[PDB]
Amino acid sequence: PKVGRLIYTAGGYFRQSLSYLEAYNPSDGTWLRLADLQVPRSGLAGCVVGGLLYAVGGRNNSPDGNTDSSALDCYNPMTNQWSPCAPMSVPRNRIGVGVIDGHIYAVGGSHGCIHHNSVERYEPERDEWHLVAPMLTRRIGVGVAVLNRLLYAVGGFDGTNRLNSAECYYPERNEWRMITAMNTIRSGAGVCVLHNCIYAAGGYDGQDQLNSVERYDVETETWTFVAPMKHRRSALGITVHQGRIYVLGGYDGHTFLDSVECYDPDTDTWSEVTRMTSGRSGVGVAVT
């Protein structure tokens, strides 16, 4: 007939940083091989704006060596072609990304030693990055959600410590306020909004990868736990599709997962729904 919306998953890591762009049809159970990244990379972040998929930051961890990426690259699903864009002010391994109003927010990540608390806004219409109010905490492996046109930044790693702290950027006032910390410390968790709530799923607490999932209600300002995920996973991809959450791969201290679970809010149940062609951590994921 025709084909609807897809969960794109881009780059990642298994033995080395990867180039795989693949897509999943949640309504047919099927997986698409699509154009490889110009450069392989891991701990990048994915987002869509106006039909187009964007691949932000990360690092090429090669057999040869490794480089932290300041690169922004754009995938057009119409042409199956990547094009490069204005690079960021700085390279951002383990970046967090949110989209408010056709604009991309790159928050935190590392340039080797330097753990960032800087933040930059990219305007596709101009093809231009601009620095904005930095966060209060330095954070890499930071979950990033956009709720009621605010950017929430959740957990991460400040260079010394793993955080359960979370803050909130106000685009209109250009300022950051701390919010209720989560029950659990979570570096490299997966974070998104669904039916008006931030969810934090998986992550490394500093000892052990997690399968616990807590959600923020912005009104009651509390972090209630919900159903854990089947598999413990850190450095996982996450997205929302058809009002359900999908978690894609990641690491569990032993092996690189290929599992993808799916959370029905309506019935507070998870369920495994496919595998990825390979097991990989630190993929970037988005829907269009």
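The numbering used is simple: start at 1 and walk along the sequence shown.
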| query | Is residue 63 without coordinates in at least a third of the other compared PDB entries of this protein that model the residues flanking it? | reply | yes
| request: Determine, for stretches 154 to 162 and 98 to 106, which one has the higher mean CA B-factor as deposited. | output: 154 to 162
| request: Decide which of the stretches 45 to 53 and 61 to 69 has the higher mean C-alpha B-factor, going by the entry. | output: 61 to 69
| message | In terms of recorded Cα temperature factor, pick the maximum from 144, 218, 85, 119. | response | 218
| task | Taking the chain's C-alpha temperature factors as the reference, tell me which third residue 180 falls into: lowest, middle or highest. | result | middle
| request: Tell me, lowest, middle or highest third: where does the Cα B factor of residue 239 rank within its chain? | output: lowest
| request: Would you check the entry's CA temperature factor for residue 263 and let me know if it's in the chain's lowest, middle or highest third? | output: lowest
| task | Sort the modelled residues of this chain by their C-alpha B factor and say whether residue 257 lands in the lowest, middle or highest third. | result | middle
| task | Compare the C-alpha B factor of residue 195 with those of the other modelled residues in its chain, then answer lowest, middle or highest third. | result | highest
